[PDB]
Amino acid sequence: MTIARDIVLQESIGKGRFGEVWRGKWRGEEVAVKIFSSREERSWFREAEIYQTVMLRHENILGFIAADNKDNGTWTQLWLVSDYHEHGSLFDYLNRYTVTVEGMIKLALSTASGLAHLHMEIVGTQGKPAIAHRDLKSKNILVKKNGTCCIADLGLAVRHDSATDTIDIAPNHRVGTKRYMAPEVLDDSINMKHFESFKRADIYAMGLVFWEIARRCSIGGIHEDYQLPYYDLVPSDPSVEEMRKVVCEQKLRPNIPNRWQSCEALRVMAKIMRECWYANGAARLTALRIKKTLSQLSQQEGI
């Protein structure tokens, strides 16, 4: 099996909420290593616990390898090892490149497939609880070499037991990225005693990610430049109050350009976005419904 002792760190590649991400080499293979200090044990353990959930593995969820410790002789580092994806985040990918219609659908479908897998409860002996992400954003999705996505940063996730109707942790309010917070999270009206609330807040965030991808879809050399959702309405590093005034009070959502109505795939994406963006979480599409719509679209396009 893969163990920390056999891994050599090569390059710093990112900073998580807590813990730094490194590219490393293990038995002639590149891996990603997230490193936490001893004082970040609760965060490291929670992430190891989520990643070790029964039946979690899916092509659109970051592939977990091992939770380990490494003692350098002075202090102990807590490690989480996972698959390495050279392209980095969907945010990085979208800033660097434009995508074709086929490219856009692959990114959106793979994101929705990963989310539907997290959200779905799988019954049976090797059963999987339903899981809500709570920090979905383009900076937390990684892009693979084949042009498909995988959801990363599962540290803030919440897991549900449907039989006893319980959540595995006592969740704190407004934990994620402010820019991507659902309206009910921004105005703290979210009912955190009902698990469906967390899945519905993830859907809103996915609609924002879909908008980021669609902007980069190039047809006849025509596309928009890269932007974060609400780039036109809030400052860089927005506060909860700044987001709340825009999303809850003024009821604004990222702008849907005119050029998206001319393309069938762009019309389907724009419709999904609007149906992720209702203020009431119960009115939103489910990740399963979105996966089904994008699967039919990919089939008709011959992707």
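When you see a residue number, it is the position in the sequence shown, counting from 1.
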item: Stretch with the greater mean C-alpha B-factor as recorded in the entry, comparing 121 to 129 against 134 to 142; value: 121 to 129
item: Mean Cα B-factor comparison, 222 to 230 or 195 to 203, giving the higher one as deposited; value: 222 to 230
item: From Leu266, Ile272, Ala67, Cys248, residue of greatest CA B-factor; value: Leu266
item: Peak C-alpha temperature factor (PDB record), options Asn95, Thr164, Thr74, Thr111; value: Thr164
item: Where the record places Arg39 (Cα B-factor, split into thirds across the chain); value: middle
item: Chain third (lowest, middle, highest) by recorded CA B-factor, residue given as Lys15; value: highest
item: CA B-factor placement of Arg23, once the chain's modelled residues are sorted into thirds; value: lowest
item: Lowest, middle or highest third - CA B-factor, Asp168; value: highest
item: Third assignment of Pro238 from its chain's C-alpha B-factors; value: middle
